[PDB]
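Q: Please read through the structure below; I'll follow up with questions.
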Amino acid sequence: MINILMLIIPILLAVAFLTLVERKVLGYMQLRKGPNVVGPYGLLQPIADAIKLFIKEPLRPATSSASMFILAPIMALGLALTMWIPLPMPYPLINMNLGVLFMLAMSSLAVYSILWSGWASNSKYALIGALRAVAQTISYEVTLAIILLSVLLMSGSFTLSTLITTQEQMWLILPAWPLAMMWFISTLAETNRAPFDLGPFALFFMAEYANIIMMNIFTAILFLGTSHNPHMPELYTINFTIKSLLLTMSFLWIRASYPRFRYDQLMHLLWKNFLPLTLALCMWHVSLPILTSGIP
Amino acid sequence: XXXXXXXXXXXXXXXXXXXXXXXXXXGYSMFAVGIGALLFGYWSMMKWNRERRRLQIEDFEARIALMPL
């Protein structure tokens, strides 16, 4: 068992090397030059941010309540890194008995990361804004469970390995046309700062940007696939990375192009408008395997 | 001779011109492609599930065939 370290260390580098992508690709959107001075094309800057924040930068806590504040980043980073384990890939590390149920569970527990940070500060000034940030994540998790089930009820069980085999000739974007549009918006609620925005503070960046890649990959399993090929692992590995990278560009697209939707009208897009739409499509997706034979 | 700043207008840069116009999508035509992709989506998907049934019955047949197990 050495492969676990081969899924944390290159992943922590992927969150680090995001700092290039998150302001150079975002840079050309805004007609500005991103990283250039630090490296040949700014490749030395992502690792330079780590030396700046981890070692030299000291701490000044508000109150430091015994166990908390030095426990919230462990829940933030821990839950973000454990999400990589059930991922199907070409081959998964320790494949669970049911796949997507583990995926929804560790994301619903990832709400605590922003909850314990609100309890860390003694002031009332911070906790009201902290609970508002919880409301952005907690509300969209209702619909996230519904849109997941509609894709599953079309084909395959909860296992993530079966979701690759069902996409043999055509993608799941075409049968789930309005549902694919939902996953572009619903994923951005989890601290992406595109439709709505709120030492150890630096550790939250390493956890929040990790979930951004996680939602990009998870959308490329439920809706993308193209080919499987069990005999050739070479063809799948390259083709999967390009599909995930194109979704990473769309995540940074919303951050630059579109203003914030307001907190009150975030509950008018969802609940008032999205929840009647998602359930109507869920009603449609119950009838689909009954109308025409479609059972795994 | 006196030399000062000379006046030039030429094309006048066009004073207030509309650039925003309807492109690609018309209205009713987008629904023909939109709902058309859905109807093509279900028909292609359900044929694969019927091909899955060929594998499904054959998979469970292996358990019935194996009695020394």
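By Swiss-Prot numbering, chain A shows 3-200, 218-315, in order.
Every residue gets a Cβ built from N, Cα and C, even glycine.
According to Swiss-Prot:
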- A:70-90: transmembrane segment (TRANSMEM)
- A:100-120: transmembrane segment (TRANSMEM)
- A:146-166: transmembrane segment (TRANSMEM)
- A:172-192: transmembrane segment (TRANSMEM)
- A:222-242: transmembrane segment (TRANSMEM)
- A:253-273: transmembrane segment (TRANSMEM)
- A:294-314: transmembrane segment (TRANSMEM)
Q: So what's near the transmembrane segment (A:222-242) in sequence-distant terms, Cβ-Cβ under 8 Å and 6+ beyond its ends?
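A: Non-local partners: 13-14, 16-18, 20, 24, 75, 78-79, 81-83, 85-86, 89-90, 105, 109, 112, 115, 119, 150, 153, 162, 165-166, 173-175, 178, 182, 185-186, 189, 192-194, 259, 262-263, 266-267, 270.
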Q: Report, as numbers and ranges, which residues of the same chain sit near the transmembrane segment (A:100-120): CB under 8 Å and 6 or more residues beyond its ends.
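A: For the transmembrane segment (A:100-120), the sequence-distant neighbours (Cβ-Cβ under 8 Å, at least 6 residues beyond its ends) are 70-71, 73-74, 77-78, 81-82, 84-85, 87-88, 90, 128-129, 132-133, 135-136, 139-140, 143, 146-147, 150, 154, 159-163, 165, 192-193, 200, 223, 226, 230, 237.
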